[PDB]
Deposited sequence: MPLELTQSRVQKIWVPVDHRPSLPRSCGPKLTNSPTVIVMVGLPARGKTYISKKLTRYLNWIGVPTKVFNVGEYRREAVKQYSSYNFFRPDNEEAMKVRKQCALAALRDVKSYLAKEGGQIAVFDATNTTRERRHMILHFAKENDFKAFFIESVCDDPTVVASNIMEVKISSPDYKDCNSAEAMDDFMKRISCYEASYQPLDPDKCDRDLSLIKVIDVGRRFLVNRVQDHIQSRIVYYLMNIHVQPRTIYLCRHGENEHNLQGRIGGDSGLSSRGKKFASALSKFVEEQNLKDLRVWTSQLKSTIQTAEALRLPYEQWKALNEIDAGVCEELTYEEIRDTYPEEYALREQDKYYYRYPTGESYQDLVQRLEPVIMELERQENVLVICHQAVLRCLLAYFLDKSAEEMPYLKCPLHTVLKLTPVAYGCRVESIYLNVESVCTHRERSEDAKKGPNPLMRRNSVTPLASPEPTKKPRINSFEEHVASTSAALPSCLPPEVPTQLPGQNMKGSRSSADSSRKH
């Protein structure tokens, strides 16, 4: 009794499945965005979706405006958003219902876990309809409202991401700004904010007040909602830069050996000096420096003459029994293991070691702290860097083990208009190449 087998790829112990002659084969969530236009609802939707997908929760944004741009060919003006525009009001409702139809298909038929319903959802009527849709489909509903009265914040959002919208292609900055202000005004009369005190007392919600200065949290039901709330409380919209790089070339790199805790080669030491000059030239008022607990990243940070913090979570992927071996020695000693990894690089777990999937779980606290911080330099390792980069660049689990993260190269990340601007800076020091493409 209790016969188990270890799955070849993930190394998970499962009950031996001696299928008979005829082999026979929790609740999803609708995140409801709430608020007036230019309140960062799309910014929240996109960032939260990026984080949830990276941690392994399949998430998708359903933006009602995109359904509208598809149904109504060319956008002319705020007149489309008028409350007295009978025809456009019918079209807008149809677009919201078509988005909900795609929400049902995503959560009930496509293996999606979270659907972010990105719309104004400013009226109790619209929200009651979304709740009815959730209850009838056995979906949980979690509301995220963004409340802000600052005209500087509103004007800045219009200038940064609204004027550049496909709706304002034929318009100049002044026309687009004026039209958008009138467009916001169309929503102000019927806007009923969330009321957790009386009306929305039984709803699970978060009210993000004054661009995250204050929060009203009501009835957090589960793990995922609690995580979202913690995430929203850790992120900020302050300007900053994230620099990511690997340790300078090490002795194992020269021998083509994986893992281990070898020190910097002569070229690696040259990169470390080059990195110090680069850091100095960036003229950053304050900079946090993070390393792994492995020698090569610490030696690189030592060259900076700056305080640094060592994180065990930043240590390179653990290769288990394959540690300190070359890829040729892995193919010759463990050919089955080598081929299994090549076929499923993200989920593959090394024997007594890790997978890229395990790395994500380990790096989640790193990501949360990266979000809290401002200027940060992370000196790490190839697999760790691919994982962090997949988070910032919204790369899938399938692409993550193949992202190009060369040695002696700084990846400069600048958060701007929904995404991250990525600049690469090679510090002109030769090294070996450790990148291996798929087969």
The answer, as deposited-sequence ranges with no C-alpha, is 1, 27-32, 447-520
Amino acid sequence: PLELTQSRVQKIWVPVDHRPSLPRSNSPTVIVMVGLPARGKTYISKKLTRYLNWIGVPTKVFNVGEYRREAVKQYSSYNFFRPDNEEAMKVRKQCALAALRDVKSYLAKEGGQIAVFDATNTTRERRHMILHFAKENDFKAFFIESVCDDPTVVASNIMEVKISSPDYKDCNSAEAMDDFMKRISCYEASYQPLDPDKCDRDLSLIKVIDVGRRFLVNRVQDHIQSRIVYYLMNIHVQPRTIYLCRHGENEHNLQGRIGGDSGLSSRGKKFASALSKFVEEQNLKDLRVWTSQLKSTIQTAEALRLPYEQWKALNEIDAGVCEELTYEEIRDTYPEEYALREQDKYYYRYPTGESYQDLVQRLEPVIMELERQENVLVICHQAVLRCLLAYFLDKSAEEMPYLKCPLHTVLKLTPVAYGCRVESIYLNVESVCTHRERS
From here on, numbers count along this sequence of modelled residues.
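Take the two forms, find the largest set of C-alpha atoms that superpose within 1.5 Å, and that set is the rigid core.
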Which of 415-423 and 7-15 lies farther, on average, from the shown form in 9 other deposited structures of this protein once the rigid core is superposed (C-alpha RMS)?
415-423
Just give me the stretch that moves more in 9 other deposited structures of this protein: 232-240 or 115-123, judged by RMS C-alpha distance after a core fit.
232-240
Unmodelled in at least a third of other entries of this protein, residue 431:
no
Mean C-alpha temperature factor, higher of 420-428 and 5-13
420-428
Between 244-252 and 154-162, the record assigns the higher mean Cα B factor to 154-162
In this crystal structure's PDB entry, the residue among 347, 350, 75, 215 with the greatest CA B factor is 75
For the listed 341, 236, 201, 140, which has the peak Cα B-factor recorded in the PDB entry?
201
Looking at the entry's B-factor column for C-alpha atoms only, identify whether residue 109 ranks in the lowest, middle or highest third of its chain.
middle
Taking the entry's C-alpha B-factors for this chain, is residue 371 in the lowest, middle or highest third?
lowest
Just say lowest, middle or highest third for the CA B-factor of residue 314 relative to the other modelled residues in its chain.
lowest
Lowest, middle or highest third: which one holds residue 41 when the chain's residues are ordered by CA B-factor from the entry?
middle
On the chain's distribution of Cα B-factors, residue 364 falls within the third called lowest
